[PDB]
Amino acid sequence: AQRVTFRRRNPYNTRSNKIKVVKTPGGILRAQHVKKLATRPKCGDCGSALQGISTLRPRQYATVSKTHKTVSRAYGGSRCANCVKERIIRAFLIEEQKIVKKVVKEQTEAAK
Amino acid sequence: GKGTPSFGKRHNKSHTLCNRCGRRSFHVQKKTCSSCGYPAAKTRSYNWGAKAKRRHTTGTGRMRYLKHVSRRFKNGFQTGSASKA
Amino acid sequence: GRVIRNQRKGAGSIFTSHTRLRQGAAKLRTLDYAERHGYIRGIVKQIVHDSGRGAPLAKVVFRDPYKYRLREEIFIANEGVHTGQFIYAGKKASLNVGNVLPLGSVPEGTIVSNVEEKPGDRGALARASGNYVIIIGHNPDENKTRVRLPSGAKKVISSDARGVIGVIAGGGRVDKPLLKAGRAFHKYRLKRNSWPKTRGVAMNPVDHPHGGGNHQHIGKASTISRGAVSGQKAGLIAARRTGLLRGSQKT
Amino acid sequence: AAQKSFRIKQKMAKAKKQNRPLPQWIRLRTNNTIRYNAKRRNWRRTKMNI
RNA sequence: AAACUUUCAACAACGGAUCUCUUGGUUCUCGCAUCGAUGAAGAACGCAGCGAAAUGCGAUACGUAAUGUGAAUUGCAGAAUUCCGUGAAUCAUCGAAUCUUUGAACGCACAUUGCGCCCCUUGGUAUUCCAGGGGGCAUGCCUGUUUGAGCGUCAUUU
RNA sequence: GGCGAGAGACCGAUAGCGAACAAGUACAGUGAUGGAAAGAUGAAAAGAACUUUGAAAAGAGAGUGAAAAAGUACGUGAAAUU
RNA sequence: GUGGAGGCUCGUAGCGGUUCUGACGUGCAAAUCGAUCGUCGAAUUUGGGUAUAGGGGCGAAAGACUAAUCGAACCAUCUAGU
RNA sequence: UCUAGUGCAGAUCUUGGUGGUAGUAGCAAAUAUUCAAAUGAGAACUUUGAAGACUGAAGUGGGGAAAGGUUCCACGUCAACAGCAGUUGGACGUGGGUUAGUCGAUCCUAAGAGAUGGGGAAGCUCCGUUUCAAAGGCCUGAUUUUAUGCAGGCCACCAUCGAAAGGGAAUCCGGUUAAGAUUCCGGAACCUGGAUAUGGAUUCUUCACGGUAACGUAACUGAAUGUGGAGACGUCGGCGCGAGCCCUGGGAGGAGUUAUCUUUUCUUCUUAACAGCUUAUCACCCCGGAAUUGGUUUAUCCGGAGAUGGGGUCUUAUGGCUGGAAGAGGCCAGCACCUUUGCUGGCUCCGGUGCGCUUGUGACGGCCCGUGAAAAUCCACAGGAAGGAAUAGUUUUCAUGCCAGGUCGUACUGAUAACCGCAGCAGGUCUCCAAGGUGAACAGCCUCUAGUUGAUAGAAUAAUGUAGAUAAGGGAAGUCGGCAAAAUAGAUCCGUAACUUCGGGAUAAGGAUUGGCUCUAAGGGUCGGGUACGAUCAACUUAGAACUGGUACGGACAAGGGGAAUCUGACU
RNA sequence: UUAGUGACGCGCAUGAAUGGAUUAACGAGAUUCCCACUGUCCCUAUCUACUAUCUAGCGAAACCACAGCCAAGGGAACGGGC
RNA sequence: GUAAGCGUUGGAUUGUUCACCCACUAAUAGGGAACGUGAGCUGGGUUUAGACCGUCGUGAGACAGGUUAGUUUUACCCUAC
């Protein structure tokens, strides 16, 4: 039942001083400082976690590769697939409806 | 417990050293020396602090230039050098 | 005698507002050209709670007409507004809730909020929860609009002045008791330092004019003139009448 | 403390170099009026105030 | 009767008065006018063959150079060619220099011996990156130079 | 005040400048500020070789010195007190 | 039955400081010691940083606190105040 | 003769010194010391050994922040200090000692402080911090008198300071010293910045393919500008999962006990940072089309806005296998030597459980007139300026390879002796780790690892004291007053008044039981069934019955006195 | 029973947000009574530890005109001195 | 009358002295000693500071007007014993 120490000079239990006990090849315990955990990236539209993206801290998001941070789709690691689908549909449909508004005003103004 | 235990609670320096006077009078939260007036341009003095003046005035130091000033006035502020009579 | 609390309150080292969690100042869009000649569409993206404020706010987003840019504004939300909601601001805009029409563009009996008394102040009167302004009538010649303000008062402002249509959200807030000094404590914890309140009549006479005596009592009267000075003004300033309200205000 | 500043450490080193006794040849010299050190400083008794 | 207490004296003690001294102080008089951006006053840290301080001094560090005297310094050690001599010496004088980090303090800062930009040059196979060395970048104002701005304004164009 | 000179019916180390000395020092205080005490061996260290008792410090002798009734607790060496 | 609220409650640490008008009272201590007590998930406790300076601040208000100092701090000077 | 700082018993006089009191008060909290040896002149206290005890993991333990400054370690050493002692010491003297790309500062900004421009002020200086200001630098290059102008283009925040507990790029094991180490040695990694070559990839369809899709990949162009995310976040509750600890079974080793008993008691059986292959609740996709409504949580929410179901994609917290890595480390045995001293061998395995403890985390719920920082920094996306292949190009977010990584701090205590309280003061001063048993419990009691055995001692045992206890019979007559002490006390069962804001009162009141031993009963998990069961496994809880005892049993510790009424303030 | 509680009320001098009246719950608030309990008491005794005590070592302070037996007298009307 | 030899109470209420009742008793007499006795106690009252009520005062504040909470130091000296 060995008892251990913060392995540094900060003696308070803050978020940047999380420890984890670990058993070393000496048979003994030591405290092992653990970095804070990453929070998954979110879709800017719905505010939901998106998938196929690695979960990291934001300079490890530099050292990692394009494969981990992105998907093969338009609006890849930024927006959800379903939100993409939604805005695609919305684009197509209201463009068509703007065409329809245009031709309605056209025929009306031409008649009168 | 306004006395002894509070003196026990007493451990954080209000004042630290100053780079113009070296006296441990530099209030950190104001950024001023209580003796020289740092970081002001002038030096802090008062004609009621006569002792203070006398303590911090000219001649309590090396006068690295000013002694030689009077020597040089005696010799008339001369340039050049000697001639090996 | 000392300087008293109401006088210390104006230097305000501790009495300043606690202005950390506040999402920004809830001002209207600026009155540039599109508003005063046509209309313009933005979108309510998210409603949120402002600290110290019982009325929510609505992060609206517009587009810049002069640049590829997305100037986001902060509006005080009216009752009925929701996310994803198109907000139309301007002169030829349509009269539905959340829009920023002017008062010469609205008719009588219309219900508005977050109004300007001078165009270009970007938000004034009727900013709090549950409150609204009522339009009364017009004088388009000498373009002036009469309005009823929640006090019960009548004011006359430029019909070119703006205002959101509808009533501010968060209504019915003070219909509920707190029951608890702690609820009050947290409320003021986020607003400012005006809580708790001691009574001068329980103070000493160095500390307050009403203070002192071998009983808690005022002595002189608690109705003070407006021609009094700092340190004399503790009670009812310039009070025209007094006591319980026995009938109509007769305003 | 441990986490200290260089000025502090500088003054401390100077203090440590001051905190030792007289030389006895100085006690031996001519016209000498010094018997002992009187600027002597011990951590238990008096603090530096730095 | 001793012991003890008290008193007086002798000698010894505690203690540091008295006396006698004196590189100090004070007051009066006379004479001279000399700090600093060419970086002061002051502060910090550091320097000696062997020093903590005082006094002196600044990585050329109890001092260098130059001048004059003329053979010491001294607690110890050492040094001697330095003694009929371009030459001892904690010497005197002092006109050339060095003048750490700071400070009116002046690249921006400062509870950090923190962070930059430019020029020259060297190395690392480098206009860009790194390091080293040398030199530099404060503000206000004056005169002047250059580059300017403004239908403020003039002329002259076709 | 600063620099340099001379003088006194002045004080003579509890006096006279706070400071005759390593004094604006040690020291105190968060800090502004406060702020001491402390002079004298002998002409010259000749500052006590050597012996002995003692664990040693020191003592007793010896010896230096004109004088240890001058031994760095040092000129003389009052009183209180012993 | 489930669930697990509450400026709920018992009661540790913790914060406090009722009573013994106990000990001590030329002390361990210029406010302590012991028991007994209050409260203990909140108007909680608290470190660091920060703002507020003397007729001024701060005060859930006792004229309380503002460096063992408060019905107006401390330092120096006016001041050898009368 | 002159001149004064000219004569002291006093001034709660000033300064210094000295006494009687007086060898006196007193050196008494913190459970506690003893025997021998050695040293030394000398030992109640120093050192060692043996014994007896304590703190008893919310500790007298191990490490730190503030502060302190060299106290750290060693050698010598005792004149003064350690209110006795002293051969010892945080003392005296002389020395030695703190090694960083990865830990922090440095960077960021918070509350806030504070120049500039400007404005006030006799003026020291005040206001204000984007302000009524002409407030600047970022990229491609173009030339090849040539360095950097000119060609353009871009943008308009518009100082700086402010946290060694907030945010934040990156390091671990073993070993090593008198004293240092996430720093040094060995080994094994990672990050930033800057260079650069090869491989790999891609292209004659010029800037990749597969997948219905969720999405996958060793890579697989993309400027200006713009959008979005991370950084970035409360508190409590219970549930799940994980790590470490605890408990435990077998087995391989050593030690202990052994009149008797004990397949027994104790102990070692460990595996880091990083990398690879895999692994999740949530979530998402496809097929499909639900009522006789169904799925499902401890907690009741979800579903034609497409449930259940079948199949599948992801996040890698987290675990597992491998590498790192057994070569280390640990436990043992054997053979050697003044000695530097080793040398050689083996083992280092496989499991189980749980409302357990601590902690981290996930998905939910609850609370709010409370909805619980910012900035730096990083990434992605939209967009399409621009630039490029074929006898050869393009790429350096894939792999490998090269160089460098500064400055300052780093010892030690962190407190009944290193901080502050005049001091070696029973005071005060922020925090992390936290074994076994009892027991509801980091309560109290006992014990292991770790650490202390310090506080002036000896002999007697008068009064008086202080602290602690008991006392017949009575039972508040005492006293201002039931002050103080006493009784009560945990748990299970029963029973529970008035009044009431209907929530409480209420542990109301008031009663019974409680040990040990031997038994019984009930309450669970995993597996098995053509298209009713049975086998195995393992826990603590509740109820009951006999037997028994000098009627004892919450046996020590721990642990409420209650009720009827009034004045008063609503409460916390 | 000068207490307490309920009642009465020409109330020195009650009284309405100077808030009045009441009030469940709460209270280290103040007060009275009852049950239990007891060394509070009748009425005191005994035990324990550390002290005091004696000793070794260490070793202060307050205070001090001089000091220290009484009665009465007178006296500044209460003396250790006369 | 001689006589101070000997004794002269327990309690309810009140801070009480004083008083007023219950009861026993042989009796329940009065007084002094710095209105005995605080380095002997206690601290209930009055009589600091907090606070409440009433009356008075414009007010601060007042009241032999009431109520509540509120630090009781030292002997080791001479004498006496």
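The rules we used
- Residues numbered from 1 in each chain as written, not as in the entry; some residues may be left out.
- Chains lettered and ligands numbered in written order.
- Part of a larger assembly, values for the part shown.
- Heavy atoms only, no water.
- Residues with missing side-chain atoms left out of burial classes, pairs and counts.
- UniProt positions renumbered as here; feature names shortened; annotations may be inferred.
- Near = heavy atom within 4 Å.
- Polar contact = N/O pair within 3.5 Å; in protein donor to acceptor, adjacent residues only side chain to side chain.
- Helix = DSSP H or I, 4+ residues; strand = E, 2+ residues; numbered from the N terminus.
- Nonpolar A, V, L, I, M, F, W, Y, C, P; charged D, E, K, R; others polar.
- Core = buried A, V, L, I, M, F, W, Y, C linked by side-chain atoms within 4.5 Å.
- Buried < 20%, exposed > 50% of the residue type's maximum accessible area, 1.4 Å probe, protein only.
- Contact = heavy atoms within 4.5 Å.
- Pairing = 2+ DSSP bridges.
- Axes fitted to C-alpha atoms, helices over the stretch in contact; angles between N-to-C directions.
- Buried area = accessible area lost by both parts, 1.4 Å probe.
- Salt bridge = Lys/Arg side-chain N within 4 Å of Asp/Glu carboxyl O.
- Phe/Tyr/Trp six-rings, centres within 6.5 Å; stacked < 30°, edge-to-face > 60°.
- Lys NZ or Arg CZ within 6 Å of the ring centre and 35° of its normal.

The deposited coordinates derive from cryo-EM, with the record listing a resolution of 3.1 Å.

As annotated in the PDB entry, chain D is 60S ribosomal protein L39 from Saccharomyces cerevisiae. The header of this PDB entry states its title as "Structure of yeast 80S ribosome stalled on poly(A) tract". Taken from UniProt, the Sequence similarities comment for chain D reads in full: "Belongs to the eukaryotic ribosomal protein eL39 family."

For chain A, the name recorded in the PDB entry is 60S ribosomal protein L34-A, with Saccharomyces cerevisiae as its organism. In the Subcellular location part of its UniProt record, chain A is described as follows: "Cytoplasm". As recorded by UniProt, the Sequence similarities comment attached to chain A reads in full: "Belongs to the eukaryotic ribosomal protein eL34 family."

1. Section: the protein's contact with RNA strand F
Taken together, the neighbourhood of RNA strand F is formed by 20 residues, with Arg23(B), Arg44(B), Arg54(B), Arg55(B) and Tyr36(D) sitting nearest. Within 4 Å of the protein, the atoms of RNA strand F are drawn from sugar and phosphate moieties in a proportion of 62%. At a separation of 2.3 Å, a base nitrogen of RNA strand F approaches a polar backbone atom of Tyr36(D). With 4 residues, helix α2 (residues 50-56) of chain B is the largest single contributor of residues to the surface near RNA strand F. Grouping the constituent residues of the surface near RNA strand F by class yields 4 nonpolar, 7 polar and 9 charged.

2. Remarks on the nonpolar core
Residue and element names in this part refer to chain C. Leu 103, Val 106, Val 112, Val 115, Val 133 and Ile 135 are the most contacted members of the largest nonpolar core, which has 14 residues in total. Among the secondary structure elements, those contributing two or more residues to this core are β6 (133-139) and β7 (144-149). Excluding its chain neighbours within four sequence positions, the residues that come into contact with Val 106 are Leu 101, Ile 135, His 138 and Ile 165. Core analysis: the second largest hydrophobic core is formed by 13 residues, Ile 40, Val 44, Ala 58 and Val 81 among them.

3. Things to note about the environment of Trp43(D)
Looking at the element boundaries, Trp43(D) is found in the segment after α2 (24-28). With 12 residues separating them along the chain, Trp43(D) and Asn31(D) place their C-alpha atoms 33 Å apart.

4. Observations concerning the sheet that holds strand β2 (residues 57-61) of chain C
Residue and element names in this part refer to chain C. Strands sit in the order β3-β2-β1-β4 across an open sheet of 4 strands; the sheet is antiparallel. On the outer flanks of this sheet lie β3 (72-76) and β4 (85-90), each paired with one strand and no other. When strand polarity is set aside, the average angle formed by the axes of neighbouring strands in this sheet is 40 degrees. With 5 bridges connecting them, β2 and β3 associate as antiparallel partners. Within β3, the position partnered with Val 60 by the bridge is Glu 73.

5. A short note on the interface of chain B and chain D
Between chain B and chain D, the residue contacts involve 4 residues of the former and 5 residues of the latter. The largest contributions to the chain B side of the interface with chain D come from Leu17(B), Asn19(B) and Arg24(B), which together make up 84% of the buried area. Put simply, chain B and chain D have 0 salt bridges between them. The interface formed by chain B and chain D contains 1 residue pair in polar contact. In terms of residue class, the side of chain B that touches chain D is made up of 1 nonpolar, 1 polar and 2 charged.

6. Things to note about the protein's contact with RNA strand G
Taken together, 29 residues lie near RNA strand G, and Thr4(B), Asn12(B), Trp48(B), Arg8(C) and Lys180(C) sit nearest. The sugar-phosphate portion of RNA strand G accounts for 55% of its atoms within 4 Å of the protein, the bases making up the rest. At a separation of 3.0 Å, a base oxygen of RNA strand G approaches a polar side-chain atom of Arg2(C). Backbone polar atom of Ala181(C) to a base oxygen of RNA strand G: 3.4 Å apart, as the coordinates give it. Contributions of two or more residues to the surface near RNA strand G are made by α1 (4-9) of chain B together with α3 (181-191) of chain C. Considering each element in turn, the surface near RNA strand G owes the most residues, 4 residues, to α3(C). Residues of the surface near RNA strand G, tallied by class, amount to 11 nonpolar, 13 polar and 5 charged.

7. Looking at the packing of aromatic side chains
What characterises a pair of aromatic rings is the spacing of the ring centres plus the angle enclosed by the ring planes. Enumeration according to the criterion identifies 5 aromatic pairs over all chains in this entry. Judged by centre distance (6.1 Å) and plane angle (90 degrees), the ring pair of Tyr39(C) and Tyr88(C) falls under edge-to-face. Pair noted here: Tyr39(C) is in strand β1 (residues 39-48) and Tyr88(C) is in strand β4, with a separation of 49 residues, a long-range link. Ring geometry for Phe62(C) against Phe75(C): centres 6.0 Å apart, planes inclined by 45 degrees, an arrangement best described as tilted. Here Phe75(C) lies in strand β3 and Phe62(C) lies in the loop between β2 and β3, a separation of 13 residues in the sequence. Using a relative accessible area of 5% as the deciding quantity, one classes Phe75(C) as buried. Taking the ring centre of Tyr75(A) as reference, the NZ or CZ of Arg87(A) above it sits at 5.1 Å. Between the NZ or CZ atom of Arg41(C) and the centre of the ring of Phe86(C), over which it lies, the distance is 3.8 Å.

8. A word on the pairing of β1(C)
Residue and element names in this part refer to chain C. Both β1 and β4 contribute to a ladder of 6 bridges, which runs antiparallel. Bridge pairing in β4 links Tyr 39 to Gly 90. Both β1 and β2 contribute to a ladder of 5 bridges, which runs antiparallel. Bridge pairing links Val 44 to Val 60 in β2.

9. A look at the environment of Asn19(B)
Residues and elements named next belong to chain B. Tracing the chain through its elements places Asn 19 in the loop between β1 (15-16) and β2 (26-27). We classify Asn 19 as exposed; its relative accessible area is 58%. Along the chain, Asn 19 and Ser 6 lie 13 residues apart, while their C-alpha atoms are 31 Å from each other.

10. So, the environment of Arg27(D)
If you trace the backbone, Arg27(D) turns up in helix α2. When sequence neighbours within four positions are dropped, the list of residues in contact with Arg27(D) reads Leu22(D), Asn32(D), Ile34(D) and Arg35(D).

11. Some details on the sheet that holds strand β8 (residues 153-158) of chain C
Residue and element names in this part refer to chain C. In space, the 5 strands of this open sheet follow the order β8-β7-β6-β5-β9, with antiparallel pairing throughout. Across the chains shown, the open sheet's two edge strands, defined by having one partner strand only, are β8 and β9 (164-165). As paired elements, strand β5 (residues 111-113) and β9 share 2 bridges and run antiparallel to each other. Bridge pairing links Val 112 to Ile 165 in β9.

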